[PDB]
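Peer 1:
Protein chains in written order, with PDB author numbering: chain A, 127 to 222, 228 to 286; chain D, 188 to 240.
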């Protein structure tokens, strides 16, 4: 717990270099400001220097539960070879929890001006509909209608 | 009364535009003043910070 607590703080220095990951971290932090989703995934340095075994115990004690978990596999197997193993091992799982707050959307701007670098990674985005909304099929096309390009395609 | 009309054959009409003006300009002036405050609201609410090492 204490060793890794240094490993984490080593990486938040590293991800300063991961400029792409900087942006999406900023981006999610704006549109979903005030909500949980604006949080990063690795978290602030501070909480990593205050974290406890018990908060993890509680966190573990609430989210890792059968009604909200999935097992899946593929390859040269059979679905019934597997079904016994879940009935063997995970049958001892605690099979018994808040639901979602609708995370709103914001139209806001953020800008970490820094002239000392070569270039500027930039991002822009809008509200997305979500998973079950069927028009996501259409949008994945339009992203591909516009497509992509990076400094290598001889076309 | 007669002589004022001499050097003002427009009195009956000056006030007419005298009145049309107000209920327009009195009505526009807030709206434009809002469209001003509308666009500028980005900067009427803009925050900063300073995060070097």
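The C-beta atom is built at its ideal place from N, Cα and C for all residues, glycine as well.
With DSSP collapsed to three states, give me the class of residue 151 (chain A).
Peer 2: Here residue 151 (chain A) sits in helix by DSSP.
Peer 1: Report yes if the C-beta distance between residue 237 (chain A) and residue 155 (chain A) is below 8 Å; otherwise report no.
Peer 2: Not in contact: residue 237 (chain A) and residue 155 (chain A) (Cβ atoms no closer than 8 Å).
Peer 1: With DSSP as the reference, label residue 253 (chain A) as helix, strand or coil.
Peer 2: The answer is coil: DSSP assigns residue 253 (chain A) none of H, G, I, E or B.
Peer 1: Counting pairs of beta carbons, one from the region 134-153 of chain A and one from the region 167-177 of chain A, are three or more of them closer than 8 Å?
Peer 2: The region 134-153 of chain A is in contact with the region 167-177 of chain A.
Peer 1: Three or more C-beta pairs closer than 8 Å, one from the region 143-154 of chain A and one from the region 176-187 of chain A: is that the case here?
Peer 2: With the cut-off at 8 Å, the region 143-154 of chain A and the region 176-187 of chain A do not touch.
Peer 1: Please return the same chain residues whose Cβ sits closer than 8 Å to the Cβ of residue 233 (chain D), not counting the five positions on each side in sequence.
Peer 2: Cβ neighbours of residue 233 (chain D) beyond the five flanking positions: none.
Peer 1: Using only alpha-carbon positions, find the residue among A:145, A:217 and A:269 that is nearest to residue 249 (chain A).
Peer 2: Nearest C-alpha to residue 249 (chain A): A:145.
Peer 1: Using DSSP with H/G/I as helix, E/B as strand and the rest coil, what is residue 265 (chain A)?
Peer 2: Residue 265 (chain A) falls in the coil class under three-state DSSP.
Peer 1: Mapping the DSSP letters down to three states, classify residue 225 (chain A) as helix, strand or coil.
Peer 2: One cannot assign coordinates to residue 225 (chain A), given that chain A in this structure leaps from 222 to 228.
Peer 1: Would you kindly check if the distance between the Cβ of residue 138 (chain A) and the Cβ of residue 234 (chain A) is under 8 Å?
Peer 2: Not in contact: residue 234 (chain A) and residue 138 (chain A) (Cβ atoms no closer than 8 Å).
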